[PDB]
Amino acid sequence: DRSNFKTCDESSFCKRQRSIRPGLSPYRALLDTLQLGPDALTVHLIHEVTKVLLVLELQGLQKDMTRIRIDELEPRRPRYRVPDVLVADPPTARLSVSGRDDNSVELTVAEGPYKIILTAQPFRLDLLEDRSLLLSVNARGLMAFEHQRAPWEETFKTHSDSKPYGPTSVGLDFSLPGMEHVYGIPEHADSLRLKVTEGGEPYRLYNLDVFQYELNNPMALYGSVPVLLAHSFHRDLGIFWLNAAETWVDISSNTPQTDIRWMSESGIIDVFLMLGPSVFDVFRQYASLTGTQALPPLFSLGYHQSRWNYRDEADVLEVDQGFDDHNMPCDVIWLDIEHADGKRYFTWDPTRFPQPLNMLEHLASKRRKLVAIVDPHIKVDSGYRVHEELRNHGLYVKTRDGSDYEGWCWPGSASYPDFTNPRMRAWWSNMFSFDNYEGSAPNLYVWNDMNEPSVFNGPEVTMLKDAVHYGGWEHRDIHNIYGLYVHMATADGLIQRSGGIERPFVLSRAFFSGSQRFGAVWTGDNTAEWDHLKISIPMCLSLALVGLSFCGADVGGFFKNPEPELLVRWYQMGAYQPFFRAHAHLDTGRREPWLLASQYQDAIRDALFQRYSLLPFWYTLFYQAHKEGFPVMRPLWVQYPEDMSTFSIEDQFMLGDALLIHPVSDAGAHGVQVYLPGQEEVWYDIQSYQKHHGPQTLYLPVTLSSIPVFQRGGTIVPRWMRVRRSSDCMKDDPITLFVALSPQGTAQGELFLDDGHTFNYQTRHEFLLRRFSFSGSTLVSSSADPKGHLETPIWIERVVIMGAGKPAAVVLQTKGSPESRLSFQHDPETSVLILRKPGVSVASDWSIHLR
């Protein structure tokens, strides 16, 4: 039902802004007002017709970034500036006037090579490296800044927005010469490569709860990350539009060039230009602004079993026992909203969950966790202590008359805590203490849902625009960070309750720039259909590109009942995606994976075993995401930026640089077409060990149990081959190293290890980061970070080398030990070499030589 949701035409500020068409801009820079300052250049801008005066604050930043901020010179009221999203005040670089004429000022960033040309009339900005034009601002003249007038009224369906400040929208266009491919600005159920918007709707960024959302359309979904990446054969660029209000994004293609236009309801203009040149440079630039992916506790990278709803404690324990009785691993079982007392969060249903501590104790004895849902809407109920506290301390979102806002959600009438208020977030965080959240225990973690916020009787199923928050800001000013604040306060609560030691795990539905710092997200209420399975790749890839690496989609689909074959394929797909959770609507049939016929059970178990085997590899990729800001799941073009035939691929993806995945996503398929990229590159089919040379499109036959996965030559992948019932059971087990030799006979890899769940890696440097490297005929283990030490029994039980000949003998040397001889096995057909039981501690330097 789409009449529920505004098109751009039904949004009055989008209608106004979008009616401004490319032409001669009326804004002009007053070069007499220019001031060159310690951190920035300020210059007054004027609208030629209306004579409104604006101030442009232009900054060169360390790490080859430019920040452009535009506000009113003399505002009647302060405009919103997005707080808490930037992790630091970005370190600045000095600007120099290096050129000037009657209509222009040329600025140099530090000592070059980056330059900014400010054109006075019409106002324009051009960004250059040396003499190469990288990007233009306002080149199509689409800048629009509605200043605050003397204090319009708007209705949509049955909802009235009093709009006490009138029109205040802001917009600005950007020109990207040489760019034909843009990506990002999640969340949309649309393709990885963003489409032109010329003949249709703009992409919309407004966190919204869309019931039974459909595919291949630009409607706004639950989260909004206002970050766009541009990729060509020659360069990579990123644009970060730091605005928290409702935002529409127009995209047009025109020698090849792409123009981007952002239109936001309120706030200032605040945009970061991230100049690359490589996409990994862009990743680093964005990470320095908004931070990096929080390092997940290891268990949260395992398999999660969920549904709406498990019935009672007995059902939960039966599901737990079912996994062990059917030899399937699982780390977490999830409790949806029916576990609470009538959707009063932080409570337990007194009949079906009378003893939560005992249930959590039984799960801990299986070394498993539980996740409980906690939504931000609070039932209006004088017997509900949470509501009474928030009401009594004035911590609720308010209406203009000063009363607490009340809307409709799961428990009926409900109020919404003002998570933009730091006093409210501290209260929320303290509520997760084991004394306050009675029945919780250290192995209980949290799911924040409906945090857009979802309001059943509100406009577009969310909160009224003219609701009022901390400091008097309107809801329209802050909307897209409301969910992030819920995620943040919840994650802080899980840390504080442990005394600051335990890493959190929080899944969130709504999100914004910066949400990567607080845990995982998923793509909401998808559907049990083949095309929803397919779209999980481009949706999570668009999230990965903008820093949200901990992404997934409901395995099996949330709505409706998947056929067994679709469920098998979804497990295979999910097993290779970062957040791996099966979930299902209240009225679906039960689909725990052992309820299927044995052939389907077997394929699913095989997928679960592959995932658990790969946990050391997953954990290392997330450590690399946490330290460097590089995405875990990646489009092929990130690894092959010069191969134009990869720029739109979205039925394939990579994990790091080592594994290429092409899950089967069609019913009854007999094979898949796998594009194996890279000139002078080889790829190893990890099932058969067959080597394949790139570039080629390989037709690969499949059966029900097939998961097309290839390891890249030149890489070393660490695995736990002893699959146990949960990751906690595995965390002292020995590693098998899978070495895939390049055509040059080389390979390299890393491995991160720690206690699996605390901040000790950071506060005490209790961790290991190992480098494995192969060249000549020698495999070497060394430290990739000497600051890290760790007490661990983990050892190297096996090395598997693909693409190797038969050695005459194999010799191991490790510091502290005599030289030893290793037995080995060789397959001449596959050129696979298995080295038996090196037996060396993973914390030790060592080398293995093939003679």
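Residue numbers here begin at 1 and follow the sequence given.
- Modelled in this chain, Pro151 is nonetheless absent from a third or more of the other compared entries whose models extend past it on both sides.
- The stretch of deposited sequence separating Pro151 from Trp152 contains 10 or more residues lacking coordinates in this entry.
- Coordinates are lacking for 10 or more deposited residues between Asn254 and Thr255.
- Of the two segments, 203-211 and 163-171, the one listed with the higher mean B-factor is 163-171 (C-alpha atoms only).
- Just going by the entry, 33-41 versus 796-804 on mean CA temperature factor gives the higher value to 33-41.
- In this structure the maximum Cα B-factor among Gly629, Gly402, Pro226, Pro734 is found at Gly402.
- Of the candidates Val371, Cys551, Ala120, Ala189, the PDB record gives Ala120 the highest C-alpha temperature factor.
- Among all modelled residues in this chain, the alpha-carbon of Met143 has a temperature factor (C-alpha) in the middle third.
- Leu237: CA B factor in the lowest third of modelled residues in this chain (values from the PDB entry).
- In the PDB entry, a CA B factor belonging to the highest third of its chain's modelled residues is recorded for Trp408.
- When all modelled residues of the chain are sorted by CA temperature factor, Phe419 is found within the lowest third.
- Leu545: CA B factor lies in the lowest third for its chain, per the PDB record.
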